[PDB]
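See structure below.
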Amino acid sequence: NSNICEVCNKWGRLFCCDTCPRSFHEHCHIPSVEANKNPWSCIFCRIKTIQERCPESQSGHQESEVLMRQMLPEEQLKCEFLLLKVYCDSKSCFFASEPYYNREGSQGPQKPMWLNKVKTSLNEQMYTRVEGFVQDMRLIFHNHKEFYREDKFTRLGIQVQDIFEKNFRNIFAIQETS
Ligand SMILES: [Zn+2]
Ligand SMILES: [Zn+2]
Ligand SMILES: [Zn+2]
C-alpha cells in the first residue's frame, strides 16, 4: 500500500485499502473509514465495482436527469466520491471551513457554504436528490466569485470549480459535448 494519504498526501495514522494500494486518514476518506470490516474496500474501489457491475452506467447522460435522481445508496456514494475528489486538491483548504466576510467594497453572501458543511450534510442524509448536493457545491464557488470581485483571489474559486465540474462529468458519466 501507499505510505501517504491519497487525499491530503501526508503520512500519519493510515488505513489501507484491501483491494487497491491506496491509503487514508480516518476522516480524509469519505465516508470516515469504517471501524471493523476485514477486508475493507475504499471509495475508489466501491465506485469501480458499480461501473464493472453495470458497464452501461458509463454511457452518456443528461445533467438534468442526473440532478433529479433520488439519493439512493449508489448516488449517495457517487456524491461522497465527488466531494472526496475536491478535497484531493490542495486548493480545497480555502473552501473547507466556515468563511467570514469583511472586505471594503463587498458584502458577504446571503447563504454561506463550505466543504465541511456539505460533508456533514451528506453524512446526516440531508440531501434527497443529487440536485441538493450539486447546488451546495456550486454555491461555494459562486459565493467566492461574487465576494472577491476583481481581486485575483477570485481565481481560486474558478480553479476548484473546474475540479468539481470535471469530476462531476466523469463520475456521473455526463454526455460529452463541444
Ligand atoms: Zn489525509
Ligand atoms: Zn481501494
Ligand atoms: Zn447493467
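Residues in the C-alpha cells are named by chain (A, B, ... in the order shown) and by number from 1 within that chain; ligands are numbered from 1 in the order shown.
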
Can you check which parts of stretch 28-57 of chain A lie within 12 Å of stretch 112-132 of chain A? Per residue, the shortest pair of atoms and distance in Å to one decimal, counting only C-alpha atoms, sorted by chain and number, as JSON lines.
```
{"residue": "A:28", "atom": "CA", "partner": "A:119", "partner_atom": "CA", "distance": 10.8}
{"residue": "A:29", "atom": "CA", "partner": "A:119", "partner_atom": "CA", "distance": 11.0}
{"residue": "A:30", "atom": "CA", "partner": "A:119", "partner_atom": "CA", "distance": 8.3}
{"residue": "A:31", "atom": "CA", "partner": "A:123", "partner_atom": "CA", "distance": 7.4}
{"residue": "A:32", "atom": "CA", "partner": "A:123", "partner_atom": "CA", "distance": 9.3}
```

Produce a file of the selected residues containing N, CA, C and O atoms, as a compact mmCIF listing (two decimals), in the first residue's frame.
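After the write, selection-v2.txt holds the following:
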```txt
# COMPACT_ATOMS: atom_id res chain seq x y z
N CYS A 28 -10.18 11.71 6.35
CA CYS A 28 -9.93 12.10 4.98
C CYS A 28 -10.80 11.27 4.00
O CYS A 28 -11.25 11.77 2.96
N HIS A 29 -10.91 9.99 4.26
CA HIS A 29 -11.80 9.10 3.49
C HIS A 29 -13.24 9.60 3.71
O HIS A 29 -13.59 10.11 4.77
N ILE A 30 -14.09 9.47 2.67
CA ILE A 30 -15.48 9.80 2.82
C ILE A 30 -16.27 8.57 2.23
O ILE A 30 -15.98 8.13 1.13
N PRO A 31 -17.18 8.03 3.00
CA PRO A 31 -17.38 8.23 4.43
C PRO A 31 -16.15 7.93 5.31
O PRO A 31 -15.27 7.26 4.83
N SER A 32 -16.10 8.46 6.55
CA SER A 32 -14.97 8.13 7.51
C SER A 32 -14.71 6.62 7.60
O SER A 32 -15.65 5.82 7.50
```

Contacts with ligand 1 at most 12 Å, only C-alpha atoms and all ligand atoms counted, listed as a PyMOL selection string
chain A and resi 3-16+22-30+32-33+84+87-90

Taking a cut-off of 6 Å and counting only C-alpha atoms and all ligand atoms, can you build a table that, for each residue of chain A near ligand 2, reports the nearest atom pair and how far apart they are in Å (one decimal), sorted by chain then residue number, as CSV?
```
residue,atom,partner,partner_atom_place_in_ligand_line,distance
A:17,CA,ligand 2,1 (Zn),4.6
A:19,CA,ligand 2,1 (Zn),5.0
A:20,CA,ligand 2,1 (Zn),4.1
A:22,CA,ligand 2,1 (Zn),5.7
A:41,CA,ligand 2,1 (Zn),5.1
A:42,CA,ligand 2,1 (Zn),4.2
A:44,CA,ligand 2,1 (Zn),5.3
A:45,CA,ligand 2,1 (Zn),4.3
```

Name each residue within 6 Å of ligand 3, counting only C-alpha atoms and all ligand atoms, as a PyMOL selection string.
chain A and resi 54-56

For residue A:162, work out the shell of residues within 10 Å, counting only C-alpha atoms and skipping chain neighbours fewer than 5 positions away, then give it as a list in words.
residues 86, 141, 156, 157, 167 and 168 of chain A

Export of the given selection (C-alpha atoms) as a PDB file, in the first residue's frame:
```
ATOM      1  CA  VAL A  86     -12.459  18.079  -4.468  1.00  0.00           C
ATOM      2  CA  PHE A 141     -17.666  28.747  -5.788  1.00  0.00           C
ATOM      3  CA  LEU A 156      -9.070  30.083  -6.643  1.00  0.00           C
ATOM      4  CA  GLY A 157     -12.851  29.628  -6.975  1.00  0.00           C
ATOM      5  CA  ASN A 167     -15.156  15.111 -11.699  1.00  0.00           C
ATOM      6  CA  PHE A 168     -18.955  15.568 -11.806  1.00  0.00           C
TER       7      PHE A 168
END
```

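Of the residues under consideration (A:50, A:68, A:79, A:160), A:160 shows the shortest atom-to-atom contact distance to residue A:140 when counting only C-alpha atoms.
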
What residues in chain A get the DSSP label helix (DSSP H, G or I)? Please answer as an MDAnalysis selection string.
chainID A and resid 43:53 55:58 63:67 73:87 90:96 115:123 130:148 154:171

Apply DSSP to the structure's backbone, then extract all residues of stretch 12-171 of chain A labelled strand (DSSP E or B) and return them as a PDB file with C-alpha atoms, in the first residue's frame.
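The new file states-v2.pdb reads:
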```
ATOM      1  CA  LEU A  14      -3.375   5.435   7.785  1.00  0.00           C
ATOM      2  CA  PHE A  15      -5.963   2.775   6.915  1.00  0.00           C
ATOM      3  CA  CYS A  16      -5.072   0.664   3.930  1.00  0.00           C
ATOM      4  CA  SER A  23      -4.329   4.572   1.982  1.00  0.00           C
ATOM      5  CA  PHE A  24      -6.338   7.082   4.056  1.00  0.00           C
ATOM      6  CA  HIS A  25      -6.530   9.047   7.172  1.00  0.00           C
ATOM      7  CA  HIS A  61     -26.297  11.114 -19.510  1.00  0.00           C
ATOM      8  CA  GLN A  70     -33.068  10.435  -5.691  1.00  0.00           C
ATOM      9  CA  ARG A 129     -31.725  14.300  -4.647  1.00  0.00           C
TER      10      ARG A 129
END
```

Given only C-alpha atoms as the basis, pick out the residue of A:164, A:74, A:21, A:38 nearest to residue A:135.
A:164

Could you pull the residues within 7 Å of stretch 173-176 of chain A, counting only C-alpha atoms, minus those fewer than 2 positions along the same chain, as a compact mmCIF listing (two decimals) with N, CA and C atoms, in the first residue's frame?
```
# COMPACT_ATOMS: atom_id res chain seq x y z
N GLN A 58 -21.80 3.83 -17.80
CA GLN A 58 -20.87 4.78 -18.37
C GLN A 58 -21.30 5.42 -19.66
N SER A 59 -22.42 5.00 -20.23
CA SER A 59 -22.93 5.68 -21.40
C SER A 59 -23.37 7.10 -20.98
N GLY A 60 -23.40 8.01 -21.93
CA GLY A 60 -23.66 9.42 -21.63
C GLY A 60 -25.05 9.68 -21.07
N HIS A 61 -25.12 10.67 -20.15
CA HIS A 61 -26.30 11.11 -19.51
C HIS A 61 -26.47 12.60 -19.63
N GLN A 62 -27.72 13.05 -19.53
CA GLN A 62 -28.04 14.44 -19.47
C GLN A 62 -27.92 14.92 -18.01
N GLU A 63 -27.31 16.07 -17.82
CA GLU A 63 -27.15 16.62 -16.44
C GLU A 63 -28.49 16.78 -15.75
N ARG A 169 -18.68 15.41 -14.23
CA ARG A 169 -18.94 14.88 -15.61
C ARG A 169 -18.40 13.41 -15.72
N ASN A 170 -17.25 13.12 -15.07
CA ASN A 170 -16.69 11.80 -15.08
C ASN A 170 -17.52 10.80 -14.24
N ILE A 171 -17.78 11.14 -12.99
CA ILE A 171 -18.42 10.24 -12.05
C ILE A 171 -19.86 9.88 -12.48
```

Could I get the residues of stretch 54-121 of chain A with an atom no further than 9 Å from an atom of stretch 142-149 of chain A, each paired with its nearest atom pair and that distance in Å to one decimal, using only C-alpha atoms, sorted by chain and residue number, as a tab-separated table?
```
residue	atom	partner	partner_atom	distance
A:95	CA	A:144	CA	8.9
A:101	CA	A:147	CA	8.1
A:103	CA	A:147	CA	8.5
A:106	CA	A:147	CA	6.0
A:107	CA	A:147	CA	6.8
A:108	CA	A:147	CA	6.4
A:109	CA	A:143	CA	5.9
A:110	CA	A:143	CA	8.7
A:111	CA	A:143	CA	8.1
A:112	CA	A:143	CA	7.1
A:113	CA	A:143	CA	7.9
```
